[PDB]
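Colleague: Partial complex follows, first chain(s) only, in situ:
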Amino acid sequence: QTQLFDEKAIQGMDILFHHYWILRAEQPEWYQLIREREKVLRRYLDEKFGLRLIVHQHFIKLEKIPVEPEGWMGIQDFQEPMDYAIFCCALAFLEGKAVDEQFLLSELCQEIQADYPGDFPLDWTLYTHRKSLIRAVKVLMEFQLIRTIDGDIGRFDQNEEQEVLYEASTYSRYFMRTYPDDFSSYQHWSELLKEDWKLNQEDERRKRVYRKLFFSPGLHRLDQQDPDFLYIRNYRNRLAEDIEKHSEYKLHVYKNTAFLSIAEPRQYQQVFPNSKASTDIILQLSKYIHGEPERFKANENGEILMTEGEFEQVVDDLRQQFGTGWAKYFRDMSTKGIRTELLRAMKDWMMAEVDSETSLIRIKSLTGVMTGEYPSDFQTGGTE
């Protein structure tokens, strides 16, 4: 039998990517679609990324393991380490429940409190601990790790005595990716990559670069002599040819950055720009930085350097130029607050980094790809 990479393969691959995993019981059409091309996909994933495809009765999953983990990758609904700790404790709890077993919310809270391995105890009388648990439970239910009988956890915010009855679903077993040994022989998470590298000596460079490119919006040149960027430069053309054959993306390359663009996003897909206003202000800031290349003279690496003070002055300047049309949320917020949020946001999408100590701002060359301005009727009729 024979098969070829077509619209269906692209769509199945994309659908797989934009979710952690796809469940047969709820998404049978996509699961079947993925299944028809599964042969070509397994070979291909191995060839380009090197990721292992796990196909199961109840689910299909790709351990989308990044080359170098980045903050935005993680479950974003979570905001504190305590949330992750409660998540891990919940996992530990699910290890204790048999399939289709029914458990009370109170048992889960008590067991998590008892087991919690940290030095500083978790206490449920507080609001913050309860909020962390509620966020954990919502995320848990999102992956169908837990089914809903009855109750309401949202009431738990202001009533710790609240109760709900949940049922442990089969997926609890398979949640954890495939990790070969006793994790304890390892001493730090950085050691984990060395696992991902015992399987990929063959064309390690191509798979590494491909993973870096495909996951992150862009790939920034480490330095003047980055081996990876030279490699990208080497195949150059065939990478573009391969991408045209194999995906929605269109490759772009510059002296200090390389990235994939997307021509036709879809509902379920994530892309930049988007509705959140901060992207708009980021684009306007991009135009303002673009407009004074010499004052904001980019370093050899394609970065543009500004200090926190300079950024605050710039934000004032932006409120001067484009501010009448900003959303009332930011228009009503002090400069420094806007500064903190915008800089965190720009970090999530990798446009720039803020040095913690010297407060130097590094704007990556990727930032200069896009610039934005208001429609001419406001340019006349607005913050003119």
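Modeller: Good, I have the coordinates. Numbering: from 1, shown residues only, chains lettered A, B, ... in the order given.
Colleague: Which residue, neighbours along the chain excluded, lies closest to residue A:240?
Modeller: Among residues not flanking residue A:240 along the chain, residue A:251 sits closest, at 4.5 Å (CB to CB, 6 or more residues apart in numbering). To be clear about C-beta, it is placed using only N, CA and C from the backbone, and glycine gets the same treatment.
Colleague: is it true that the one you found lies in a helix?
Modeller: No - under DSSP: H, G, I helix; E, B strand; the rest coil, residue A:251 falls outside any helix and is assigned strand.
Colleague: Hmm, residue A:322 is touching residue A:284, no?
Modeller: Yes - counting by CB atoms under 8 Å, residue A:322 touches residue A:284, with 5.0 Å between them.
Colleague: so what sits against both of those two?
Modeller: Listed as contacting both residue A:322 and residue A:284 by CB atoms under 8 Å, 6 or more residues apart in numbering are residue A:373.
Colleague: Which of those two has more residues huddled nearby?
Modeller: A side-by-side neighbour count of residue A:322 and residue A:284, using other CB atoms under 10 Å, places residue A:322 first with 23 against 20.
Colleague: next one: phi and psi at residue A:358?
Modeller: In terms of degrees, to the nearest 10, the main-chain angles of residue A:358 are phi -90, psi 0.
Colleague: any idea how far it is from residue A:308?
Modeller: Distance from residue A:358 to residue A:308, counting by CB to CB, to the nearest Å: 9 Å.
Colleague: Also residue A:63?
Modeller: Counting by CB to CB, the separation of residue A:63 from residue A:308 is 38 Å.
Colleague: What of residue A:272?
Modeller: 24 Å.
Colleague: Can you point out the buried residues in stretch A:198-213?
Modeller: By neighbour count on 16 or more other CB atoms under 10 Å, the buried set for stretch A:198-213 is A:200, A:206-213.
Colleague: Same check on stretch A:72-86?
Modeller: A:78, A:82-83, A:85-86.
Colleague: follow-up on the earlier one: against residue A:236, how distant is the residue nearest to residue A:240?
Modeller: Computed as CB to CB, the residue A:251 to residue A:236 distance reads 9 Å.
Colleague: same deal with residue A:14?
Modeller: Here residue A:14 is placed at a distance of 25 Å from residue A:236 (CB to CB).
Colleague: Kindly report the same for residue A:283.
Modeller: Noted for residue A:283: a distance of 29 Å to residue A:236, by CB to CB.
Colleague: Strands of the stretch 51-200 of chain A, residue ranges please.
Modeller: A:53-55, A:59-62, A:102-104, A:146-151, A:164-168 (DSSP state E, counting those that start in this stretch).
Colleague: here's chain B, drop it on:
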Amino acid sequence: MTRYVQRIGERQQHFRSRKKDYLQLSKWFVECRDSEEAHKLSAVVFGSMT
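Modeller: Following on from the chains above, chain B is added here:
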């Protein structure tokens, strides 16, 4: 009934367990002094949903 007899067959061999694992990773989350570092650790644990 056939399922139950089959289960009696499964009860000789099946058992597995992985709970131990979660403890080290939860502790590592404990050492997360800041939640973006923690996000990076999460991306270590399971990568990116999208």
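Colleague: can you check the buried residues of stretch A:72-86 again with chain B included?
Modeller: Buried positions in stretch A:72-86, judged by neighbour count with 16 or more other CB atoms under 10 Å in any protein chain shown: A:72-75, A:78, A:80-86.
Colleague: Check whether it comes near chain B.
Modeller: Yes - Stretch A:72-86 is in contact with chain B by CB under 8 Å from any CB of the partner chain, via A:72-76, A:78-81, A:84-85.
Colleague: Count the residues that sit near the residue in the stretch 101-250 of chain A that chain B sits nearest to.
Modeller: Using CB to the nearest CB, the closest approach of the stretch 101-250 of chain A to chain B is made by residue A:118 at 4.3 Å. Residues lying near residue A:118 (other CB atoms under 10 Å in any protein chain shown) number 15.
Colleague: show me what contacts the closest residue to it other than its chain neighbours?
Modeller: Residue nearest to residue A:118 in three dimensions, not counting chain neighbours: residue B:30, with 4.3 Å by CB to CB, 6 or more residues apart in numbering or on different chains. Neighbour list for residue B:30: A:81, A:85, A:117-120 [criterion: CB atoms under 8 Å, 6 or more residues apart in numbering or on different chains].
Colleague: With distance to residue A:225 added, can I get those residues in JSON lines?
Modeller: As requested, these are exported to JSON lines (distance: CB to CB, whole Å):
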{"residue": "A:81", "distance to residue A:225": "37"}
{"residue": "A:85", "distance to residue A:225": "41"}
{"residue": "A:117", "distance to residue A:225": "44"}
{"residue": "A:118", "distance to residue A:225": "43"}
{"residue": "A:119", "distance to residue A:225": "44"}
{"residue": "A:120", "distance to residue A:225": "45"}
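Colleague: quick one: which of these is nearest residue B:7?
Modeller: Nearest to residue B:7 out of these is residue A:117 (CB to CB; 34.1 Å).
Colleague: Against residue B:20, how distant is that closest one?
Modeller: Distance, residue A:117 to residue B:20, by CB to CB: 11 Å.
Colleague: For those two, indicate the residue with more neighbours.
Modeller: More crowded of residue A:117 and residue B:20, by other CB under 10 Å: residue A:117, with 16 against 12.
Colleague: thinking again about what came up before, just the ones in helices from the contacts of residue B:30, please.
Modeller: Among the contacts of residue B:30, the members falling in helices (DSSP state H) are A:81, A:85.
Colleague: Out of the contacts of residue B:30, which comes closest to residue A:317?
Modeller: Taking CB to CB as the measure, residue A:317 lies nearest residue A:81 of these, at 36.7 Å.
Colleague: Tell me the secondary structure of the residue nearest to residue A:250 when sequence neighbours are not counted, please.
Modeller: Of all residues not flanking residue A:250 in the chain, residue A:261 sits nearest, at 4.9 Å (CB to CB, 6+ apart). State at residue A:261, reduced to three classes by three-state DSSP: strand.
Colleague: put chain C onto that model:
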Amino acid sequence: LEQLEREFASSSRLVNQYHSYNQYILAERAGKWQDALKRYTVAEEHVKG
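Modeller: Let me add chain C to what's already shown:
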């Protein structure tokens, strides 16, 4: 059921070999023990004489 029977047959082979091995170990230690006791008794007779 076939897996269990296979594993049981393998365990039977292993246990029979292991029991022969242990019989040999105990027998060898007993033979040396007998030599030691024989010589000790002979030595006691010699000592007495």
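Colleague: Please reconsider the buried residues of stretch A:198-213 now that chain C is part of the model.
Modeller: A:200, A:206-213.
Colleague: which residue does the stretch 251-384 of chain A bring closest to chain B?
Modeller: Going by CB to the nearest CB, chain B is nearest to residue A:270 of the stretch 251-384 of chain A, at 5.3 Å.
Colleague: So that residue sits against residue A:19, correct?
Modeller: No - judged on CB under 8 Å, residue A:270 makes no contact with residue A:19 at a distance of 10.8 Å.
Colleague: of these two, who's got more company?
Modeller: A direct count of neighbours by other CB under 10 Å for residue A:270 and residue A:19 places residue A:19 higher, at 17 against 13.
Colleague: Okay, the more buried one and residue B:44: tell me how far apart.
Modeller: Separation of residue A:19 from residue B:44 (CB to CB): 19 Å.
Colleague: Please apply the same query to residue A:129.
Modeller: Distance from residue A:129 to residue B:44, by CB to CB: 25 Å.
Colleague: do residue A:279 as well
Modeller: Distance, residue A:279 to residue B:44, using CB to CB: 27 Å.
Colleague: secondary structure class for residue A:255?
Modeller: With three-state DSSP as the basis, residue A:255 sits in coil.
Colleague: got it, and the one 10 residues further on?
Modeller: Residue A:265 falls in the coil class when you classify it by three-state DSSP.
Colleague: count of residues packed around the nearest residue to it once chain neighbours are set aside?
Modeller: Closest residue to residue A:265 apart from its sequence neighbours, by CB to CB, 6+ apart: residue A:271 at 4.3 Å. Applying other CB under 10 Å, we find 11 other residues in the vicinity of residue A:271.
Colleague: Please report phi then psi for whichever residue of chain C sits closest to chain B.
Modeller: Nearest residue of chain C to chain B (CB to the nearest CB) works out as residue C:4 at 5.6 Å. Dihedral angles of residue C:4 (phi, psi; degrees, to the nearest 10) stand at phi -60, psi -40.
Colleague: so it touches residue B:12, yeah?
Modeller: Yes - counting by CB under 8 Å, residue C:4 does reach residue B:12; the two are 5.6 Å apart.
Colleague: need the contact list for the residue in the stretch 101-250 of chain A that chain C sits nearest to.
Modeller: Taking CB to the nearest CB, chain C has its nearest neighbour within the stretch 101-250 of chain A at residue A:173, 21.7 Å off. Contact analysis of residue A:173 by CB under 8 Å, 6+ apart lists residue A:99.
Colleague: separation between it and residue A:107?
Modeller: Residue A:173 is 19 Å from residue A:107, by CB to CB.
Colleague: cool, residue B:19 as well?
Modeller: Residue B:19 is 16 Å from residue A:107, where distance means CB to CB.
Colleague: That'll do, ta.
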